[PDB]
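Structure data (TSV, C-alpha atoms and all ligand atoms) from query.tsv:
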chain	number	residue	atom	x	y	z
A	55	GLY	CA	86.57	94.56	72.56
A	56	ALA	CA	88.97	93.29	75.23
A	57	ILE	CA	89.07	94.47	78.85
A	58	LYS	CA	92.65	95.54	79.56
A	59	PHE	CA	93.83	94.56	83.02
A	60	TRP	CA	97.12	95.98	84.26
A	61	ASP	CA	98.77	94.29	87.24
A	62	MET	CA	101.99	94.84	89.23
A	63	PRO	CA	104.76	92.39	90.10
A	64	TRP	CA	103.24	91.72	93.50
A	65	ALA	CA	105.41	88.79	94.55
A	66	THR	CA	107.45	86.23	92.61
A	67	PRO	CA	107.27	85.87	88.86
A	68	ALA	CA	105.08	82.83	89.53
A	69	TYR	CA	102.48	85.26	91.03
A	70	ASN	CA	102.14	86.99	87.64
A	71	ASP	CA	101.88	83.68	85.72
A	72	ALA	CA	98.98	82.65	87.94
A	73	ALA	CA	97.24	86.03	87.83
A	74	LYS	CA	97.61	86.05	84.03
A	75	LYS	CA	95.83	82.67	83.78
A	76	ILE	CA	93.03	83.84	86.08
A	77	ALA	CA	92.49	87.04	84.09
A	78	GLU	CA	92.69	85.39	80.68
A	79	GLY	CA	90.07	82.89	81.88
A	80	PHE	CA	87.45	85.64	82.03
A	81	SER	CA	84.68	85.09	79.51
A	82	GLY	CA	81.81	87.04	80.93
A	83	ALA	CA	79.59	89.58	79.27
A	84	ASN	CA	80.60	88.01	75.99
A	85	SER	CA	83.90	89.73	76.58
A	86	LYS	CA	87.51	88.83	77.27
A	87	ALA	CA	90.39	90.35	79.32
A	88	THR	CA	94.06	90.86	78.50
A	89	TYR	CA	96.76	90.84	81.18
A	90	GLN	CA	99.69	93.22	81.23
A	91	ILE	CA	102.43	93.71	83.84
A	92	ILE	CA	103.45	97.24	84.81
A	93	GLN	CA	106.88	97.45	86.50
A	94	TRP	CA	107.24	99.11	89.90
A	95	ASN	CA	109.93	101.61	88.83
A	96	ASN	CA	108.31	104.93	87.98
A	97	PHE	CA	104.82	103.32	88.19
A	98	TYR	CA	103.19	106.62	89.25
A	99	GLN	CA	104.34	108.29	86.06
A	100	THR	CA	103.55	105.23	83.92
A	101	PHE	CA	99.86	105.33	85.00
A	102	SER	CA	99.62	109.14	85.04
A	103	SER	CA	101.01	109.30	81.48
A	104	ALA	CA	98.84	106.45	80.10
A	105	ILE	CA	95.61	107.89	81.53
A	106	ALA	CA	96.41	111.42	80.23
A	107	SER	CA	97.18	110.09	76.73
A	108	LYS	CA	94.12	107.74	76.71
A	109	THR	CA	96.30	104.58	76.45
A	110	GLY	CA	95.52	103.17	79.91
A	111	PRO	CA	93.68	100.04	81.05
A	112	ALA	CA	90.03	99.34	81.84
A	113	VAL	CA	90.95	97.79	85.19
A	114	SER	CA	94.08	97.68	87.32
A	115	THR	CA	95.86	97.08	90.53
A	116	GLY	CA	98.65	99.50	91.40
A	117	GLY	CA	99.49	101.96	94.09
A	118	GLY	CA	97.64	101.79	97.40
A	119	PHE	CA	96.14	105.29	96.90
A	120	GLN	CA	96.32	105.70	93.14
A	121	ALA	CA	92.53	105.29	92.78
A	122	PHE	CA	92.00	108.53	94.78
A	123	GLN	CA	94.23	110.55	92.42
A	124	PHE	CA	92.41	109.27	89.36
A	125	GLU	CA	89.06	109.88	90.98
A	126	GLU	CA	89.99	113.52	91.61
A	127	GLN	CA	90.96	113.75	87.93
A	128	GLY	CA	87.67	112.24	86.89
A	129	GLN	CA	89.17	109.12	85.25
A	130	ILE	CA	88.05	106.45	87.72
A	131	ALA	CA	84.86	104.38	87.32
A	132	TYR	CA	83.02	104.09	90.66
A	133	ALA	CA	82.68	100.53	91.93
A	134	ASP	CA	79.14	100.80	93.35
A	135	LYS	CA	77.68	98.27	90.89
A	136	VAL	CA	80.49	95.80	91.70
A	137	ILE	CA	79.68	96.20	95.37
A	138	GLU	CA	75.97	95.45	94.60
A	139	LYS	CA	76.93	92.36	92.62
A	140	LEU	CA	79.13	91.17	95.52
A	141	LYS	CA	76.23	91.68	97.93
A	142	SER	CA	73.98	89.56	95.71
A	143	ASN	CA	76.46	86.75	95.08
A	144	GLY	CA	77.44	86.62	98.78
A	145	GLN	CA	81.11	87.63	98.61
A	146	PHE	CA	80.51	91.01	100.27
A	147	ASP	CA	79.61	89.42	103.62
A	148	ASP	CA	83.05	87.65	103.48
A	149	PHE	CA	85.04	90.95	103.52
A	150	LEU	CA	86.94	91.52	106.74
A	151	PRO	CA	85.62	94.31	108.93
A	152	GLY	CA	86.77	97.81	107.97
A	153	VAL	CA	88.35	96.90	104.61
A	154	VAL	CA	85.72	98.35	102.20
A	155	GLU	CA	84.73	101.54	103.97
A	156	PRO	CA	88.00	103.44	103.44
A	157	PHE	CA	87.05	103.57	99.74
A	158	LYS	CA	83.62	105.09	100.14
A	159	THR	CA	83.26	108.73	99.07
A	160	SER	CA	80.32	111.10	98.52
A	161	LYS	CA	80.31	110.16	94.82
A	162	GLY	CA	80.81	106.39	95.24
A	163	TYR	CA	83.34	103.66	95.99
A	164	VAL	CA	86.63	104.60	94.34
A	165	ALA	CA	87.90	100.97	94.30
A	166	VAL	CA	87.50	97.55	95.94
A	167	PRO	CA	90.03	96.13	98.42
A	168	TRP	CA	91.92	92.97	97.44
A	169	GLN	CA	94.79	92.62	99.87
A	170	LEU	CA	96.55	94.21	102.79
A	171	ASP	CA	100.26	94.66	102.33
A	172	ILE	CA	101.74	94.76	105.81
A	173	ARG	CA	105.39	95.35	106.86
A	174	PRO	CA	106.66	92.76	109.31
A	175	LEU	CA	110.10	92.53	110.81
A	176	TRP	CA	111.97	89.30	110.05
A	177	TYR	CA	115.13	87.65	111.31
A	178	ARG	CA	117.38	84.77	110.51
A	179	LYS	CA	117.88	82.60	113.61
A	180	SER	CA	121.31	81.26	112.57
A	181	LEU	CA	122.72	84.76	112.31
A	182	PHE	CA	121.45	85.88	115.67
A	183	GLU	CA	122.93	82.68	117.12
A	184	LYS	CA	126.25	83.36	115.38
A	185	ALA	CA	126.40	86.92	116.71
A	186	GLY	CA	125.38	85.77	120.18
A	187	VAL	CA	122.44	88.21	120.43
A	188	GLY	CA	118.71	88.22	121.07
A	189	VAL	CA	115.84	89.52	118.99
A	190	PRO	CA	115.40	93.27	119.57
A	191	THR	CA	112.40	94.58	121.55
A	192	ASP	CA	113.08	98.27	120.95
A	193	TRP	CA	115.26	100.76	119.09
A	194	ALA	CA	118.06	100.65	121.65
A	195	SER	CA	118.20	96.86	121.49
A	196	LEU	CA	118.04	96.98	117.62
A	197	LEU	CA	121.17	99.18	117.57
A	198	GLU	CA	123.12	96.97	120.02
A	199	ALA	CA	122.25	93.74	118.27
A	200	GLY	CA	122.90	95.41	114.91
A	201	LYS	CA	126.46	96.32	115.93
A	202	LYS	CA	127.12	92.67	116.93
A	203	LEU	CA	125.59	91.37	113.73
A	204	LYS	CA	127.82	93.72	111.76
A	205	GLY	CA	130.74	92.29	113.73
A	206	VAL	CA	130.02	88.80	112.35
A	207	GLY	CA	129.63	90.12	108.77
A	208	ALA	CA	125.83	90.32	108.65
A	209	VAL	CA	123.46	93.16	107.82
A	210	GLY	CA	121.68	94.22	110.98
A	211	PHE	CA	118.88	96.09	109.22
A	212	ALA	CA	118.37	95.08	105.62
A	213	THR	CA	116.58	97.49	103.34
A	214	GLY	CA	116.89	98.93	99.85
A	215	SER	CA	116.00	101.98	97.76
A	216	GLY	CA	117.30	101.04	94.34
A	217	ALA	CA	115.26	101.32	91.15
A	218	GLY	CA	111.90	99.60	91.55
A	219	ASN	CA	112.43	99.12	95.29
A	220	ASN	CA	109.99	101.02	97.56
A	221	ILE	CA	110.85	99.22	100.80
A	222	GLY	CA	113.26	102.00	101.84
A	223	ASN	CA	110.44	104.52	101.39
A	224	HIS	CA	108.28	102.37	103.59
A	225	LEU	CA	110.92	102.06	106.24
A	226	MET	CA	111.15	105.89	106.50
A	227	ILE	CA	107.45	106.16	107.25
A	228	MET	CA	107.27	102.97	109.35
A	229	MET	CA	109.93	104.32	111.71
A	230	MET	CA	108.13	107.67	112.07
A	231	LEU	CA	104.91	105.75	112.90
A	232	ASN	CA	106.79	103.51	115.31
A	233	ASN	CA	107.82	106.62	117.27
A	234	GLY	CA	104.30	108.08	117.49
A	235	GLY	CA	104.98	110.36	114.50
A	236	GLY	CA	103.76	110.45	110.93
A	237	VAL	CA	103.53	112.68	107.92
A	238	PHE	CA	100.18	114.18	108.98
A	239	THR	CA	98.34	115.60	111.99
A	240	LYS	CA	95.13	113.99	113.29
A	241	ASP	CA	93.23	116.45	111.02
A	242	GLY	CA	95.12	115.48	107.86
A	243	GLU	CA	97.45	118.51	107.84
A	244	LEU	CA	101.16	118.16	107.07
A	245	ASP	CA	103.30	117.79	110.17
A	246	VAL	CA	106.64	116.58	108.73
A	247	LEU	CA	108.97	118.41	111.12
A	248	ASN	CA	107.27	117.00	114.22
A	249	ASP	CA	109.88	116.09	116.90
A	250	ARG	CA	108.95	112.39	116.83
A	251	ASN	CA	109.74	112.36	113.15
A	252	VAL	CA	113.09	114.05	113.80
A	253	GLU	CA	114.01	111.43	116.35
A	254	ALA	CA	112.99	108.65	113.96
A	255	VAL	CA	115.22	110.05	111.24
A	256	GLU	CA	118.10	110.58	113.70
A	257	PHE	CA	117.85	106.91	114.62
A	258	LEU	CA	117.99	105.79	110.98
A	259	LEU	CA	121.02	108.04	110.42
A	260	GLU	CA	122.65	106.38	113.41
A	261	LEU	CA	121.94	102.93	111.94
A	262	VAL	CA	123.57	104.22	108.69
A	263	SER	CA	126.67	105.69	110.41
A	264	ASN	CA	127.20	102.53	112.49
A	265	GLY	CA	126.94	100.25	109.40
A	266	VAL	CA	123.86	98.41	110.73
A	267	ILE	CA	122.22	99.58	107.56
A	268	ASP	CA	124.43	98.40	104.68
A	269	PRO	CA	126.19	101.39	103.14
A	270	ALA	CA	125.07	100.21	99.66
A	271	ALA	CA	121.39	99.72	100.75
A	272	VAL	CA	120.47	102.93	98.87
A	273	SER	CA	121.33	101.18	95.59
A	274	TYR	CA	119.63	97.85	96.16
A	275	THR	CA	116.88	96.63	93.90
A	276	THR	CA	114.20	94.17	94.97
A	277	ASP	CA	116.39	91.37	93.60
A	278	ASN	CA	119.42	92.65	95.50
A	279	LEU	CA	117.48	92.77	98.74
A	280	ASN	CA	115.82	89.37	98.27
A	281	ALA	CA	119.26	87.87	97.55
A	282	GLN	CA	120.60	89.26	100.86
A	283	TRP	CA	117.82	87.39	102.65
A	284	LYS	CA	118.22	84.19	100.61
A	285	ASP	CA	122.02	84.06	100.97
A	286	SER	CA	122.30	84.66	104.77
A	287	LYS	CA	123.66	88.17	104.47
A	288	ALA	CA	120.58	89.88	106.04
A	289	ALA	CA	120.01	89.12	109.73
A	290	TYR	CA	117.09	91.45	110.47
A	291	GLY	CA	114.82	93.92	108.72
A	292	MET	CA	111.43	95.09	107.52
A	293	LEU	CA	109.86	93.36	104.56
A	294	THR	CA	106.58	91.64	103.67
A	295	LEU	CA	104.40	88.71	104.50
A	296	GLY	CA	105.80	85.45	103.04
A	297	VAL	CA	109.47	86.34	102.91
A	298	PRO	CA	110.81	82.72	102.86
A	299	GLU	CA	108.65	81.87	99.85
A	300	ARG	CA	109.40	85.22	98.16
A	301	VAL	CA	113.17	84.74	98.41
A	302	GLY	CA	113.33	80.93	97.88
A	303	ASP	CA	114.61	79.83	101.31
A	304	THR	CA	112.07	77.80	103.22
A	305	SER	CA	114.63	76.10	105.52
A	306	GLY	CA	112.68	77.64	108.48
A	307	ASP	CA	115.68	79.83	109.37
A	308	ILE	CA	113.89	83.05	108.29
A	309	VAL	CA	111.21	83.92	110.84
A	310	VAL	CA	108.83	86.78	111.77
A	311	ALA	CA	110.13	88.93	114.63
A	312	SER	CA	107.87	90.70	117.15
A	313	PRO	CA	107.19	94.42	116.64
A	314	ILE	CA	109.55	96.68	118.59
A	315	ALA	CA	108.90	99.68	120.77
A	316	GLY	CA	110.12	103.19	120.01
A	317	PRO	CA	112.07	105.10	122.67
A	318	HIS	CA	108.83	106.52	124.17
A	319	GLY	CA	107.06	103.13	124.19
A	320	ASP	CA	105.09	103.50	120.94
A	321	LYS	CA	104.19	100.47	118.78
A	322	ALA	CA	103.11	100.61	115.13
A	323	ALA	CA	103.04	98.52	111.95
A	324	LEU	CA	102.79	99.98	108.44
A	325	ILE	CA	99.98	98.68	106.19
A	326	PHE	CA	98.79	99.40	102.61
A	327	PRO	CA	95.09	98.93	101.76
A	328	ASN	CA	95.58	97.70	98.22
A	329	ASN	CA	92.69	97.76	95.84
A	330	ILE	CA	91.39	97.04	92.36
A	331	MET	CA	90.26	99.99	90.37
A	332	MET	CA	88.23	100.55	87.23
A	333	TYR	CA	88.71	103.42	84.73
A	334	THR	CA	86.44	105.47	82.45
A	335	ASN	CA	88.45	104.38	79.43
A	336	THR	CA	86.77	101.01	78.92
A	337	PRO	CA	85.07	99.53	75.88
A	338	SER	CA	82.24	98.47	78.22
A	339	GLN	CA	81.61	99.46	81.85
A	340	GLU	CA	79.42	96.40	82.37
A	341	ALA	CA	82.31	94.22	81.27
A	342	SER	CA	84.79	96.00	83.56
A	343	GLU	CA	82.33	95.23	86.39
A	344	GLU	CA	81.91	91.60	85.40
A	345	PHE	CA	85.67	91.18	85.16
A	346	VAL	CA	86.21	92.64	88.63
A	347	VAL	CA	83.55	90.39	90.18
A	348	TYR	CA	85.01	87.37	88.41
A	349	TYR	CA	88.55	88.25	89.51
A	350	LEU	CA	87.64	88.82	93.18
A	351	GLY	CA	85.92	85.42	93.15
A	352	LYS	CA	89.15	83.62	92.13
A	353	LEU	CA	91.59	85.43	94.49
A	354	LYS	CA	91.50	82.56	97.00
A	355	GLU	CA	93.54	80.46	94.52
A	356	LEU	CA	96.51	82.81	94.90
A	357	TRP	CA	96.66	82.29	98.66
A	358	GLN	CA	95.90	78.56	98.19
A	359	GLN	CA	99.04	78.28	96.03
A	360	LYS	CA	100.95	80.50	98.51
A	361	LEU	CA	101.91	82.98	95.82
A	362	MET	CA	101.03	86.17	97.79
A	363	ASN	CA	103.23	88.48	99.86
A	364	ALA	CA	100.23	90.16	101.54
A	365	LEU	CA	97.28	89.49	103.82
A	366	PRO	CA	93.86	88.66	102.34
A	367	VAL	CA	90.82	90.92	102.80
A	368	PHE	CA	88.36	88.00	102.86
A	369	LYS	CA	87.56	86.06	106.04
A	370	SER	CA	87.37	82.66	104.30
A	371	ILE	CA	90.89	83.11	102.93
A	372	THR	CA	92.21	84.02	106.41
A	373	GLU	CA	90.76	80.70	107.62
A	374	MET	CA	92.14	78.64	104.76
A	375	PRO	CA	94.33	75.76	105.98
A	376	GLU	CA	97.22	76.90	103.79
A	377	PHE	CA	97.17	80.33	105.48
A	378	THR	CA	96.75	79.50	109.20
A	379	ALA	CA	99.14	76.51	109.22
A	380	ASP	CA	102.08	78.88	108.60
A	381	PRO	CA	103.01	80.33	111.99
A	382	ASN	CA	104.61	83.38	110.38
A	383	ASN	CA	101.23	84.35	108.98
A	384	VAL	CA	99.59	83.86	112.36
A	385	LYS	CA	102.21	85.98	114.11
A	386	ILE	CA	101.60	88.83	111.59
A	387	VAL	CA	97.85	88.67	112.17
A	388	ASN	CA	98.23	88.55	115.91
A	389	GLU	CA	101.06	91.04	116.50
A	390	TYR	CA	101.13	93.40	113.50
A	391	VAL	CA	97.52	93.76	112.35
A	392	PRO	CA	96.28	95.20	115.67
A	393	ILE	CA	98.85	98.06	115.62
A	394	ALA	CA	98.65	98.68	111.89
A	395	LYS	CA	98.53	102.25	110.47
A	396	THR	CA	98.64	103.70	106.97
A	397	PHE	CA	100.46	106.62	105.37
A	398	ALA	CA	97.46	108.81	106.48
A	399	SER	CA	98.65	108.68	110.07
A	400	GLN	CA	97.98	110.35	112.26
A	401	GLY	CA	94.79	110.90	110.28
A	402	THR	CA	92.69	107.94	109.17
A	403	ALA	CA	90.76	108.99	106.11
A	404	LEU	CA	92.41	108.22	102.75
A	405	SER	CA	92.76	110.85	99.97
A	406	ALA	CA	94.50	111.79	96.70
A	407	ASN	CA	97.30	113.48	98.60
A	408	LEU	CA	98.38	110.01	99.72
A	409	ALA	CA	98.79	109.12	96.07
A	410	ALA	CA	101.29	112.01	95.61
A	411	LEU	CA	103.09	111.17	98.81
A	412	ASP	CA	103.44	107.48	97.93
A	413	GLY	CA	104.34	107.70	94.23
A	414	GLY	CA	106.20	111.02	94.03
A	415	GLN	CA	109.79	112.21	93.97
A	416	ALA	CA	109.90	113.74	97.45
A	417	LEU	CA	109.63	110.50	99.42
A	418	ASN	CA	112.07	108.71	97.07
A	419	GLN	CA	114.71	111.43	97.46
A	420	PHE	CA	114.20	111.73	101.20
A	421	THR	CA	114.85	108.01	101.53
A	422	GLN	CA	118.01	108.08	99.45
A	423	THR	CA	119.30	111.05	101.42
A	424	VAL	CA	118.78	109.31	104.75
A	425	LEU	CA	120.17	105.96	103.58
A	426	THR	CA	123.43	107.72	102.49
A	427	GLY	CA	123.63	110.02	105.55
A	428	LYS	CA	123.93	112.93	103.14
A	429	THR	CA	122.59	115.50	105.61
A	430	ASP	CA	121.19	115.98	109.09
A	431	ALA	CA	117.67	114.88	110.14
A	432	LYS	CA	116.09	118.34	110.30
A	433	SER	CA	117.48	119.30	106.87
A	434	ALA	CA	116.33	116.08	105.21
A	435	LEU	CA	112.83	116.49	106.71
A	436	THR	CA	112.68	120.16	105.68
A	437	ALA	CA	113.54	119.21	102.10
A	438	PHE	CA	110.86	116.48	102.36
A	439	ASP	CA	108.27	118.97	103.73
A	440	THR	CA	109.06	121.43	101.01
A	441	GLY	CA	108.83	118.84	98.21
A	442	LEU	CA	105.45	117.62	99.48
A	443	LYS	CA	104.10	121.21	99.57
A	444	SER	CA	105.02	121.61	95.93
A	445	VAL	CA	102.74	118.68	94.92
A	446	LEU	CA	100.10	118.09	97.58
A	447	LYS	CA	96.97	120.24	97.37
A	448	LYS	CA	96.67	122.11	100.65
A	501	LIG	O1	104.86	102.58	97.70
A	501	LIG	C1	104.42	102.04	96.43
A	501	LIG	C2	103.55	100.79	96.61
A	501	LIG	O2	104.30	99.79	97.30
A	501	LIG	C3	103.57	98.56	97.43
A	501	LIG	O3	104.41	97.60	98.03
A	501	LIG	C4	105.17	96.82	97.07
A	501	LIG	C5	105.39	95.41	97.66
A	501	LIG	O4	104.12	94.79	97.89
A	501	LIG	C6	106.26	94.57	96.71
A	501	LIG	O5	106.55	93.30	97.28
A	501	LIG	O6	107.52	95.26	96.52
A	501	LIG	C7	107.33	96.45	95.80
A	501	LIG	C8	108.68	97.02	95.32
A	501	LIG	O7	109.45	97.43	96.45
A	501	LIG	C9	106.54	97.42	96.70
A	501	LIG	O8	106.44	98.68	96.01
A	501	LIG	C10	102.38	98.80	98.34
A	501	LIG	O9	101.69	97.59	98.61
A	501	LIG	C11	101.49	99.80	97.61
A	501	LIG	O10	100.31	100.08	98.38
A	501	LIG	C12	102.25	101.09	97.35
A	501	LIG	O11	101.48	101.95	96.52

Give the structure from the file, written as structure tokens.
Ligand SMILES: OC[C@H]1O[C@@H](O[C@@H]2[C@@H](O)[C@H](O)O[C@H](CO)[C@H]2O)[C@H](O)[C@@H](O)[C@@H]1O
Amino acid sequence: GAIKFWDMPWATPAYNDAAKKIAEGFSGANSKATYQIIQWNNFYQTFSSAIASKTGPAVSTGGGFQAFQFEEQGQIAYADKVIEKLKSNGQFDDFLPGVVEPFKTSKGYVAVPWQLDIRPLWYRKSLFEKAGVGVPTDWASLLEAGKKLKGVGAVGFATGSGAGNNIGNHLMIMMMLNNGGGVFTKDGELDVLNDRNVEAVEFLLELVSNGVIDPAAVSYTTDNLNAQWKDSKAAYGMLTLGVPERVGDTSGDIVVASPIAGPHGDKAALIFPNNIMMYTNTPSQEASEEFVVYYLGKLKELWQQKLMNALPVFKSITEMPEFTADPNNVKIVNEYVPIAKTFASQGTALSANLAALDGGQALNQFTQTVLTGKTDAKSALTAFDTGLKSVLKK
């Protein structure tokens, strides 16, 4: 009977309360939807195991590239009919340019975009003032300012890789991208030991050895990391859109910082093309489709209530008074969006291999190794390369 919708803890608990009410409001196709929260820790395995044992949902959000893995396994339901319905009802024309096309394959649309989770740098003005330093413009200035911030008891580059916390993972890849590197070649081949990647990892290790990265960062959960921001421990670091609201400190002291240049002049921001996906295990495919169209139509309410930690994929939402009046949001649009790249870099096309990269053990372990300075850059990257070859399909 009921359409099962699984959703992640995208922002604050209040995000899930609101998304629950939206979902449970669905009464289309003489059908209903149930809402269930899947935790971030081990999410890849949670979905993989549910789908394989036929106990998974009809519809879900989840990993940025998860839909490609399940499509390869033949467990996704293509979203072509949803796309048609959005064209008829008018919503399709409201999509931002380039947001739908990444999901088009030979066999259909694997999913529908719903938000863009971008990785801005943030700072706390009071702590930069206290340390007597300026906002970094590049890696060399990040390190200098970081040392001074450490000297006044602050964390110069806040991150975390504890259970449920993927921000550390994202930092590893963001810094590679920021130095003109990336996991892949232009043609989508693995290129982990590229020299720009080595430099990026050497820089992170230097932040770790100098105490600019907190020596316990490896252990920090999402709550731990948010608390560092809320309680004026974190001076600078990479997080998400809407950090003040996410951490419960809207004094105005926490502000978006400009992107910084790598040592060769490169600029990049990391972005995740998040999407809603439908599965073959549904009591009714028509109902899955109705639910998805209904849900996309109500998404504006989440940005209206300022409950999201991501960019919208709909033009009308990006023009909503609540969105543009926040200068942090405008700075992200203007300075991060134009330089944004995904995990596919230096390729562009998305694929199932991104699912294994994003959700798998190799990236997690690489991150924890770097954040503890357990080994040298080349060794860590070689272990990373090797782990990815074990799971990616060449
Ligand atoms: O790498 C796994 C997934 O990470 C998602 O980002 C999440 C943030 O939006 C949220 O605020 O924090 C959690 C826990 O750290 C993050 O995992 C990406 O948006 C996904 O695309 C990605 O699959």

Top pick for closest residue to residue A:308, considering A:407, A:342, A:251, A:382 and counting all atoms listed in the file: A:382

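As for atom CA of residue A:394 and atom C6 of ligand LIG 501 (chain A), they are spaced 17.5 Å apart.
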
Could you tell me which of A:339, A:195, A:96, A:107 comes closest to ligand LIG 501 (chain A) if we count all atoms listed in the file? A:96

Under the rule that all atoms listed in the file are counted, which of A:200, A:401, A:118, A:317 is the nearest residue to ligand LIG 501 (chain A)? A:118

Axis-aligned box for all listed atoms of ligand LIG 501 (chain A), 5 Å per side, centre and edges in Å to one decimal, as AutoDock Vina command-line options:
--center_x 104.9 --center_y 97.9 --center_z 97.0 --size_x 19.1 --size_y 19.3 --size_z 13.3

Set the distance at 12 Å and use only C-alpha atoms: which residues neighbour residue A:388 once local chain neighbours fewer than 6 positions away are removed? I'd like the list as a compact mmCIF listing (two decimals) with C-alpha atoms, in the coordinates of the input.
# COMPACT_ATOMS: atom_id res chain seq x y z
CA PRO A 174 106.66 92.76 109.31
CA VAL A 310 108.83 86.78 111.77
CA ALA A 311 110.13 88.93 114.63
CA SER A 312 107.87 90.70 117.15
CA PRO A 313 107.19 94.42 116.64
CA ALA A 323 103.04 98.52 111.95
CA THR A 378 96.75 79.50 109.20
CA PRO A 381 103.01 80.33 111.99
CA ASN A 382 104.61 83.38 110.38
CA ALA A 394 98.65 98.68 111.89

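Between atom CA of residue A:345 and atom CA of residue A:159 lies a distance of 22.5 Å.
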
Counting all atoms listed in the file, which residue out of A:97, A:80, A:176, A:326 sits closest to ligand LIG 501 (chain A)?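 Closest to ligand LIG 501 (chain A), using all atoms listed in the file: A:326.
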
Site check for ligand LIG 501 (chain A): residues at most 7 Å away, only C-alpha atoms and all ligand atoms, as a ChimeraX atom specification: /A:64-65,94,116-119,171,218-221,223-224,276,294,326-328,363,412-413

Minimum-distance residue to residue A:212, chosen among A:189, A:167, A:284, A:289 (using all atoms listed in the file):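 Of the candidates, the smallest distance to residue A:212 is held by A:289.
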
Using atom CA of residue A:318 and atom CA of residue A:441 as the two end points, give the distance in Å to one decimal. 28.7 Å

May I have the protein, DNA and RNA residues with any atom at most 9 Å from the point (100.4, 88.8, 91.9), counting all atoms listed in the file, written as a count of residues only? 18

Near residue A:282, counting all atoms listed in the file, which residues have an atom at most 12 Å away, once you skip same-chain residues fewer than 2 positions from it, shown as a ChimeraX atom specification? /A:177-178,208-214,268,270-271,274-280,284-291,297-298,301-303,308

Which residues, written as a list in words, have at least one atom at most 9 Å from residue A:400, with all atoms listed in the file counted and residues fewer than 4 positions away on the same chain left out? residues 231, 234, 235, 236, 237, 238, 239, 240, 241, 242, 395 and 396 of chain A

Selected residues written out with C-alpha atoms, as a PDB file, in the frame of the given file:
ATOM      1  CA  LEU A 231     104.910 105.750 112.900  1.00  0.00           C
ATOM      2  CA  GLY A 234     104.300 108.080 117.490  1.00  0.00           C
ATOM      3  CA  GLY A 235     104.980 110.360 114.500  1.00  0.00           C
ATOM      4  CA  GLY A 236     103.760 110.450 110.930  1.00  0.00           C
ATOM      5  CA  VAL A 237     103.530 112.680 107.920  1.00  0.00           C
ATOM      6  CA  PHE A 238     100.180 114.180 108.980  1.00  0.00           C
ATOM      7  CA  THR A 239      98.340 115.600 111.990  1.00  0.00           C
ATOM      8  CA  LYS A 240      95.130 113.990 113.290  1.00  0.00           C
ATOM      9  CA  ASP A 241      93.230 116.450 111.020  1.00  0.00           C
ATOM     10  CA  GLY A 242      95.120 115.480 107.860  1.00  0.00           C
ATOM     11  CA  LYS A 395      98.530 102.250 110.470  1.00  0.00           C
ATOM     12  CA  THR A 396      98.640 103.700 106.970  1.00  0.00           C
TER      13      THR A 396
END

Can you tell me, as a PyMOL selection string, what residues are no more than 12 Å from residue A:168 when counting only C-alpha atoms, ignoring any on the same chain fewer than 2 positions away? chain A and resi 114-116+118+146+148-150+153-154+157+165-166+170-171+326-331+346-347+349-354+356-357+362+364-369+371
